[PDB]
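Structure file query-v8.tsv with TSV, C-alpha atoms:
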chain	number	residue	atom	x	y	z
A	1	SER	CA	88.68	79.67	86.68
A	2	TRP	CA	91.81	77.96	88.00
A	3	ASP	CA	94.37	75.39	86.96
A	4	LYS	CA	93.45	71.85	87.95
A	5	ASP	CA	97.14	71.09	88.49
A	6	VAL	CA	97.88	73.64	91.21
A	7	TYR	CA	94.63	73.12	93.21
A	8	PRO	CA	94.25	69.40	92.54
A	9	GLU	CA	91.04	67.43	92.81
A	10	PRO	CA	90.72	63.63	92.80
A	11	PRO	CA	88.07	62.19	90.46
A	12	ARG	CA	84.53	61.88	91.71
A	13	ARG	CA	83.12	58.66	93.19
A	14	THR	CA	79.34	58.64	93.43
A	15	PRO	CA	77.05	55.64	94.03
A	16	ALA	CA	73.58	54.97	92.65
A	17	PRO	CA	71.26	54.32	95.63
A	18	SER	CA	69.04	51.27	95.21
A	19	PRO	CA	65.86	51.72	97.31
A	20	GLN	CA	64.93	48.49	99.07
A	21	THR	CA	61.41	49.49	100.13
A	22	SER	CA	58.92	52.11	98.95
A	23	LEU	CA	57.78	54.90	101.26
A	24	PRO	CA	59.13	56.77	98.92
A	25	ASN	CA	61.81	59.42	99.22
A	26	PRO	CA	60.71	62.88	100.47
A	27	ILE	CA	64.01	64.54	99.57
A	28	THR	CA	63.69	63.60	95.88
A	29	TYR	CA	60.40	65.50	95.58
A	30	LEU	CA	61.93	68.30	97.63
A	31	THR	CA	65.05	68.56	95.46
A	32	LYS	CA	62.96	68.60	92.28
A	33	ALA	CA	60.92	71.43	93.79
A	34	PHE	CA	64.23	73.08	94.74
A	35	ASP	CA	65.44	72.79	91.14
A	36	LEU	CA	62.23	74.27	89.74
A	37	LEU	CA	62.00	77.10	92.29
A	38	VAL	CA	65.67	78.10	92.58
A	39	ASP	CA	67.77	76.60	89.78
A	40	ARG	CA	65.87	77.94	86.75
A	41	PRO	CA	65.38	81.64	87.76
A	42	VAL	CA	68.90	82.22	89.06
A	43	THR	CA	70.23	80.66	85.84
A	44	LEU	CA	68.07	83.03	83.76
A	45	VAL	CA	69.24	86.02	85.82
A	46	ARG	CA	72.91	85.03	85.47
A	47	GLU	CA	72.49	84.49	81.72
A	48	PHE	CA	70.96	87.98	81.36
A	49	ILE	CA	73.78	89.54	83.39
A	50	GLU	CA	76.39	87.65	81.35
A	51	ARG	CA	74.89	89.00	78.12
A	52	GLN	CA	75.07	92.50	79.62
A	53	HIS	CA	78.71	91.81	80.55
A	54	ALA	CA	79.63	90.51	77.09
A	55	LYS	CA	78.11	93.53	75.37
A	56	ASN	CA	81.41	95.32	76.02
A	57	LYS	CA	84.83	93.84	76.84
A	58	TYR	CA	87.11	94.87	79.68
A	59	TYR	CA	90.49	93.25	80.33
A	60	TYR	CA	92.86	93.29	83.28
A	61	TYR	CA	96.42	92.08	82.90
A	62	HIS	CA	98.77	90.46	85.38
A	63	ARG	CA	101.59	92.68	86.59
A	64	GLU	CA	105.01	91.18	85.90
A	65	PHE	CA	108.52	92.15	86.94
A	66	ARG	CA	112.11	91.60	85.87
A	67	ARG	CA	115.15	90.19	87.67
A	68	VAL	CA	117.24	92.96	89.15
A	69	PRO	CA	120.51	91.12	89.84
A	70	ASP	CA	121.36	90.35	93.49
A	71	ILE	CA	122.18	91.58	96.93
A	72	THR	CA	125.34	89.46	96.61
A	73	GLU	CA	126.53	91.82	93.86
A	74	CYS	CA	126.02	95.07	95.81
A	75	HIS	CA	128.89	96.86	97.50
A	76	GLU	CA	129.54	98.47	100.92
A	77	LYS	CA	126.91	101.20	100.90
A	78	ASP	CA	125.59	101.79	97.29
A	79	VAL	CA	121.99	102.54	98.26
A	80	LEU	CA	120.67	102.48	94.68
A	81	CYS	CA	121.75	98.80	94.46
A	82	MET	CA	120.55	97.56	97.85
A	83	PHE	CA	117.16	99.17	97.21
A	84	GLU	CA	116.34	97.06	94.14
A	85	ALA	CA	117.97	94.06	95.85
A	86	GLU	CA	115.85	94.20	98.98
A	87	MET	CA	112.60	95.00	97.19
A	88	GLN	CA	113.20	91.97	94.96
A	89	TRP	CA	113.84	89.92	98.11
A	90	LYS	CA	110.70	91.23	99.82
A	91	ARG	CA	108.54	90.32	96.84
A	92	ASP	CA	110.06	86.83	96.91
A	93	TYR	CA	109.12	86.75	100.60
A	94	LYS	CA	105.48	87.64	99.89
A	95	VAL	CA	105.09	85.10	97.09
A	96	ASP	CA	106.78	82.45	99.24
A	97	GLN	CA	104.34	83.07	102.09
A	98	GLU	CA	101.58	82.49	99.57
A	99	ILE	CA	103.28	79.24	98.46
A	100	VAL	CA	102.99	78.13	102.09
A	101	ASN	CA	99.32	79.21	102.04
A	102	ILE	CA	98.65	77.08	98.93
A	103	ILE	CA	100.28	73.99	100.45
A	104	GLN	CA	98.37	74.40	103.71
A	105	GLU	CA	95.09	74.77	101.81
A	106	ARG	CA	95.94	71.53	99.99
A	107	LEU	CA	96.45	69.85	103.36
A	108	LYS	CA	93.07	71.13	104.60
A	109	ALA	CA	91.34	69.91	101.45
A	110	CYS	CA	92.98	66.48	101.74
A	111	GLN	CA	91.70	66.32	105.32
A	112	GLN	CA	88.14	67.14	104.38
A	113	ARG	CA	87.86	65.11	101.16
A	114	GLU	CA	89.33	61.81	102.36
A	115	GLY	CA	86.90	61.59	105.26
A	116	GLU	CA	87.29	59.57	108.46
A	117	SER	CA	90.37	57.75	107.14
A	118	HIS	CA	92.97	60.51	107.22
A	119	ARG	CA	96.10	58.52	106.46
A	120	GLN	CA	94.96	57.18	103.08
A	121	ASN	CA	95.99	59.35	100.09
A	122	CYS	CA	97.14	62.20	102.38
A	123	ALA	CA	100.66	60.89	103.00
A	124	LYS	CA	102.04	62.58	99.88
A	125	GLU	CA	100.62	66.02	100.61
A	126	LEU	CA	101.67	65.87	104.27
A	127	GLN	CA	105.11	64.81	103.01
A	128	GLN	CA	105.46	67.79	100.68
A	129	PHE	CA	104.01	70.05	103.39
A	130	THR	CA	106.68	69.03	105.89
A	131	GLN	CA	109.25	69.41	103.10
A	132	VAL	CA	108.34	72.99	102.13
A	133	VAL	CA	107.77	74.02	105.73
A	134	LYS	CA	111.11	72.53	106.80
A	135	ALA	CA	112.59	74.72	104.06
A	136	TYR	CA	110.70	77.75	105.44
A	137	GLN	CA	111.73	77.04	109.05
A	138	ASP	CA	115.31	76.78	107.86
A	139	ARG	CA	115.25	79.84	105.66
A	140	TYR	CA	113.07	82.69	106.96
A	141	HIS	CA	112.14	81.88	110.54
A	142	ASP	CA	114.48	83.07	113.27
A	143	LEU	CA	115.23	86.63	112.22
A	144	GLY	CA	112.49	88.72	113.84
A	145	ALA	CA	110.63	91.85	112.79
A	146	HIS	CA	113.36	94.14	111.41
A	147	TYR	CA	114.24	91.91	108.50
A	148	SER	CA	115.57	93.89	105.57
A	149	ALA	CA	117.39	91.30	103.52
A	150	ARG	CA	120.77	91.31	105.16
A	151	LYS	CA	119.88	89.30	108.24
A	152	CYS	CA	118.66	86.55	105.90
A	153	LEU	CA	122.01	86.41	104.11
A	154	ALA	CA	123.79	86.50	107.47
A	155	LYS	CA	121.69	83.51	108.57
A	156	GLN	CA	122.55	81.86	105.24
A	157	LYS	CA	126.29	82.28	105.79
A	158	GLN	CA	126.09	81.25	109.45
A	159	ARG	CA	124.08	78.10	108.71
A	160	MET	CA	126.28	76.92	105.86
A	161	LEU	CA	129.42	77.65	107.89
A	162	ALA	CA	128.05	75.61	110.80
A	163	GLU	CA	127.21	72.75	108.44
A	164	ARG	CA	130.70	73.09	106.94
A	165	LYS	CA	132.14	72.57	110.42
A	166	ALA	CA	129.71	69.66	110.92
A	167	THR	CA	130.80	67.91	107.72
A	168	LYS	CA	134.45	68.63	108.56
A	169	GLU	CA	133.83	66.74	111.79
A	170	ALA	CA	132.00	64.11	109.71
A	171	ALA	CA	134.98	63.77	107.35
B	1	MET	CA	136.42	129.15	112.00
B	2	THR	CA	138.21	132.30	110.85
B	3	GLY	CA	140.14	133.64	107.80
B	4	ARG	CA	140.57	132.03	105.08
B	5	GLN	CA	142.68	134.69	103.32
B	6	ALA	CA	142.80	137.37	105.99
B	7	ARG	CA	143.01	140.41	103.80
B	8	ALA	CA	139.31	140.21	104.63
B	9	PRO	CA	137.51	143.51	105.35
B	10	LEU	CA	134.16	143.71	107.16
B	11	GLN	CA	132.70	142.96	103.75
B	12	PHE	CA	129.07	141.83	104.04
B	13	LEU	CA	129.37	140.09	100.66
B	14	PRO	CA	132.41	139.97	98.33
B	15	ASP	CA	132.35	140.26	94.56
B	16	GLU	CA	132.93	136.49	94.39
B	17	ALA	CA	129.35	135.97	95.64
B	18	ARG	CA	128.13	137.30	92.28
B	19	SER	CA	129.38	134.08	90.66
B	20	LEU	CA	126.99	131.77	92.48
B	21	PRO	CA	123.36	132.21	91.38
B	22	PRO	CA	121.37	134.67	93.49
B	23	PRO	CA	118.30	133.48	95.42
B	24	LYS	CA	115.13	133.57	93.37
B	25	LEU	CA	112.13	135.69	94.11
B	26	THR	CA	109.30	133.79	95.88
B	27	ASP	CA	111.71	131.25	97.28
B	28	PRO	CA	109.90	129.79	100.33
B	29	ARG	CA	112.23	131.33	102.90
B	30	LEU	CA	111.57	134.91	101.83
B	31	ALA	CA	107.86	134.08	101.64
B	32	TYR	CA	108.12	132.89	105.24
B	33	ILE	CA	109.89	136.16	106.06
B	34	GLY	CA	107.02	138.05	104.43
B	35	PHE	CA	104.51	136.10	106.50
B	36	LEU	CA	106.56	136.84	109.61
B	37	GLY	CA	106.47	140.52	108.68
B	38	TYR	CA	102.71	140.41	108.23
B	39	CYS	CA	102.34	138.76	111.64
B	40	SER	CA	104.65	141.44	113.05
B	41	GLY	CA	102.39	144.13	111.63
B	42	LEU	CA	99.27	142.41	112.97
B	43	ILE	CA	100.76	142.17	116.44
B	44	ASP	CA	102.02	145.77	116.22
B	45	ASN	CA	98.44	146.85	115.62
B	46	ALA	CA	97.63	144.65	118.63
B	47	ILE	CA	100.17	146.18	121.07
B	48	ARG	CA	98.59	149.59	121.02
B	49	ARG	CA	94.82	149.38	121.14
B	50	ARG	CA	94.28	150.33	117.50
B	51	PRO	CA	92.07	147.80	115.65
B	52	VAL	CA	93.71	144.77	114.13
B	53	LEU	CA	93.51	144.10	110.35
B	54	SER	CA	92.96	147.83	109.69
B	55	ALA	CA	94.31	151.35	110.26
B	56	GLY	CA	97.95	150.47	109.68
B	57	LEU	CA	98.28	149.36	106.06
B	58	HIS	CA	101.23	151.63	105.37
B	59	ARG	CA	102.91	150.12	108.43
B	60	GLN	CA	101.96	146.62	107.21
B	61	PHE	CA	103.54	147.33	103.84
B	62	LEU	CA	106.61	148.92	105.47
B	63	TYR	CA	107.15	145.89	107.73
B	64	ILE	CA	106.80	143.42	104.84
B	65	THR	CA	109.19	145.45	102.68
B	66	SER	CA	111.82	145.88	105.41
B	67	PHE	CA	111.86	142.21	106.43
B	68	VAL	CA	111.91	140.91	102.84
B	69	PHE	CA	114.77	143.29	101.96
B	70	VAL	CA	116.93	142.37	104.96
B	71	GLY	CA	116.18	138.66	104.60
B	72	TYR	CA	117.11	138.82	100.92
B	73	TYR	CA	120.57	140.14	101.76
B	74	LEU	CA	121.01	137.63	104.59
B	75	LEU	CA	120.06	134.78	102.24
B	76	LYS	CA	122.67	135.95	99.75
B	77	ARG	CA	125.22	135.90	102.60
B	78	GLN	CA	124.12	132.35	103.56
B	79	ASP	CA	124.63	131.14	99.98
B	80	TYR	CA	128.08	132.73	99.87
B	81	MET	CA	129.14	131.11	103.13
B	82	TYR	CA	128.05	127.62	102.08
B	83	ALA	CA	129.71	127.99	98.67
B	84	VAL	CA	133.05	129.00	100.18
B	85	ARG	CA	132.79	126.15	102.73
B	86	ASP	CA	132.34	123.57	99.96
B	87	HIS	CA	135.09	125.14	97.84
B	88	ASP	CA	137.59	124.98	100.72
B	89	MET	CA	136.55	121.41	101.55
B	90	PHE	CA	137.06	120.11	98.02
B	91	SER	CA	140.34	122.01	97.70
B	92	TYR	CA	141.59	120.21	100.80
B	93	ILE	CA	140.32	116.89	99.42
B	94	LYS	CA	142.26	117.44	96.20
B	95	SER	CA	145.38	118.76	97.94
B	96	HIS	CA	146.04	115.65	100.10
B	97	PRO	CA	145.70	112.20	98.49
B	98	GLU	CA	147.46	110.38	101.35
B	99	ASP	CA	145.09	110.64	104.31
B	100	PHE	CA	141.89	109.92	102.32
B	101	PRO	CA	142.39	106.54	100.63
B	102	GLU	CA	140.16	104.57	98.30
B	103	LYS	CA	138.21	102.13	100.45
B	104	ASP	CA	137.95	98.57	99.14
B	105	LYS	CA	134.26	98.14	98.28
B	106	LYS	CA	134.03	94.50	99.30
B	107	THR	CA	130.66	93.25	98.13
B	108	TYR	CA	128.37	91.18	100.35
B	109	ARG	CA	129.57	87.90	98.83
B	110	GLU	CA	132.56	88.05	101.20
B	111	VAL	CA	131.68	90.45	104.05
B	112	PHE	CA	130.98	88.50	107.23
B	113	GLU	CA	128.82	89.78	110.08
B	114	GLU	CA	127.36	88.39	113.26
B	115	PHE	CA	123.73	87.31	113.27
B	116	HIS	CA	122.22	87.18	116.84
B	117	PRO	CA	118.69	85.83	116.21
B	118	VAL	CA	115.74	87.19	118.14
B	119	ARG	CA	113.95	83.94	118.97

Let me see whether you can do it: turn the structure in this file into structure tokens.
Amino acid sequence: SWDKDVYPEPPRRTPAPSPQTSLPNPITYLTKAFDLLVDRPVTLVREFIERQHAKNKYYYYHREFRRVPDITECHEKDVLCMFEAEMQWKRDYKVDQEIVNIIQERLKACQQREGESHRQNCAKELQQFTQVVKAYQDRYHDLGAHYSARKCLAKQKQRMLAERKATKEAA
Amino acid sequence: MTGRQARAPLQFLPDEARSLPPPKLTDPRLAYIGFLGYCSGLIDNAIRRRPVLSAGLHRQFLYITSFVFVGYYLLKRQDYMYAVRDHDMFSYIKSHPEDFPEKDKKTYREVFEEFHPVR
């Protein structure tokens, strides 16, 4: 399963079709035949397989980590500090890429659910998409292929120093 | 680089080399020397037209023994030379505190670099 609050779904809206005239309705007979020829046997097969699964019990756990301190607390060379620092940063980088993947899947799903009126009830998700992706464009973008962690902190210092000069001019 | 206490006879290994641990048997370098001796014996049977992998097993065993013996003594000399090099280096480190200062390990909270983005 999945949380309904990270992959959100609006509530369902489904009409009840009122037939004006009486031919009637080939697809209703065909979907009842579909139910009787497909829906029952696959349900019986899945129920058998689920009983065979629930005879025994496996479990897999989620791997979790700790917070090794910083790269801002590591010294000149000290390779057994920078190692834990940059692996912690690289795992943050992977999980942040997947944050961007989740938001972009939400944008795709808002496109396909809301139909031929795109701009109704997709303003909020496009807003948060441009927000998180503006953060990504600011934070990880223009460093290249040989990122380790140190070019990211150099970009951090250079950007906040440039904005410090900008707000000094704005003072 | 020369003496280094030039009393210094020809002295293939001093008595001070019996303080460092000797090289173990079946260390990989003397095993490589034994393989090189076995290849030497194989190719010695190949120089003259006697058959290879036969007819020279006393010469095979002599070559392996001679190379492993000589390489054992040369490895003991290698260990002595590296030990006296490190001992002299650390004695000079301890004997002169002025020229080798403690460097200020400024952490990356306050060490500035250039960035130069690859666009």

Would you tabulate, counting only C-alpha atoms, all residues of chain B that have an atom at most 10 Å from an atom of chain A, showing the closest pair of atoms and their distance in Å to one decimal, sorted by chain then ascending number, as a Markdown table?
| residue | atom | partner | partner_atom | distance |
| --- | --- | --- | --- | --- |
| B:103 | CA | A:76 | CA | 9.4 |
| B:104 | CA | A:76 | CA | 8.6 |
| B:105 | CA | A:76 | CA | 5.4 |
| B:106 | CA | A:75 | CA | 5.9 |
| B:107 | CA | A:75 | CA | 4.1 |
| B:108 | CA | A:72 | CA | 5.1 |
| B:109 | CA | A:72 | CA | 5.0 |
| B:110 | CA | A:72 | CA | 8.7 |
| B:111 | CA | A:76 | CA | 8.9 |
| B:112 | CA | A:154 | CA | 7.5 |
| B:113 | CA | A:154 | CA | 6.5 |
| B:114 | CA | A:154 | CA | 7.1 |
| B:115 | CA | A:154 | CA | 5.9 |
| B:116 | CA | A:143 | CA | 8.4 |
| B:117 | CA | A:143 | CA | 5.3 |
| B:118 | CA | A:144 | CA | 5.6 |
| B:119 | CA | A:142 | CA | 5.8 |

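Closest approach to residue B:23 among B:48, B:58, B:96, B:77: B:77, based on all atoms listed in the file.
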
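Between atom CA of residue A:125 and atom CA of residue A:107 the separation is 6.3 Å.
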
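All residues of protein, DNA or RNA that reach within 12 Å of stretch 83-89 of chain B, judged by all atoms listed in the file and not counting those fewer than 2 positions away in the chain, are residues 1, 2, 3, 4, 5, 13, 14, 16, 17, 18, 19, 20, 21, 22, 76, 77, 78, 79, 80, 81, 91, 92, 93, 94, 95 and 96 of chain B.
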
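In this model, the gap between atom CA of residue A:64 and atom CA of residue A:9 comes to 28.4 Å.
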
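Each of A:88, A:148, A:104, A:112 was compared to residue A:126 using all atoms listed in the file, and A:104 turns out to be the nearest.
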
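The spacing separating atom CA of residue A:35 from atom CA of residue A:51 amounts to 22.8 Å.
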
At most 12 Å from (114.0, 139.8, 98.7), file frame, all atoms listed in the file: which residues, as JSON, numbers by chain?
{"B": [22, 23, 24, 25, 26, 27, 28, 29, 30, 31, 32, 33, 34, 64, 65, 66, 67, 68, 69, 70, 71, 72, 73, 74, 75, 76]}

Just want the 9 Å neighbourhood of residue A:136, counted on all atoms listed in the file, with same-chain residues fewer than 6 positions away dropped. Output as a short mmCIF file (atom, residue, chain, number, x, y, z; two decimals) with C-alpha atoms, in the coordinates of the input.
data_model
loop_
_atom_site.label_atom_id
_atom_site.label_comp_id
_atom_site.auth_asym_id
_atom_site.auth_seq_id
_atom_site.Cartn_x
_atom_site.Cartn_y
_atom_site.Cartn_z
CA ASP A 96 106.78 82.45 99.24
CA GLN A 97 104.34 83.07 102.09
CA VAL A 100 102.99 78.13 102.09
#

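Among the candidates A:19, A:69, A:115, A:11, the residue lying nearest to residue A:89 is A:69 (atoms considered: all atoms listed in the file).
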
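Minimum atom-to-atom distances from A:121, A:27, A:84, A:44 to residue A:10 were compared using only C-alpha atoms, and the lowest value belongs to A:121.
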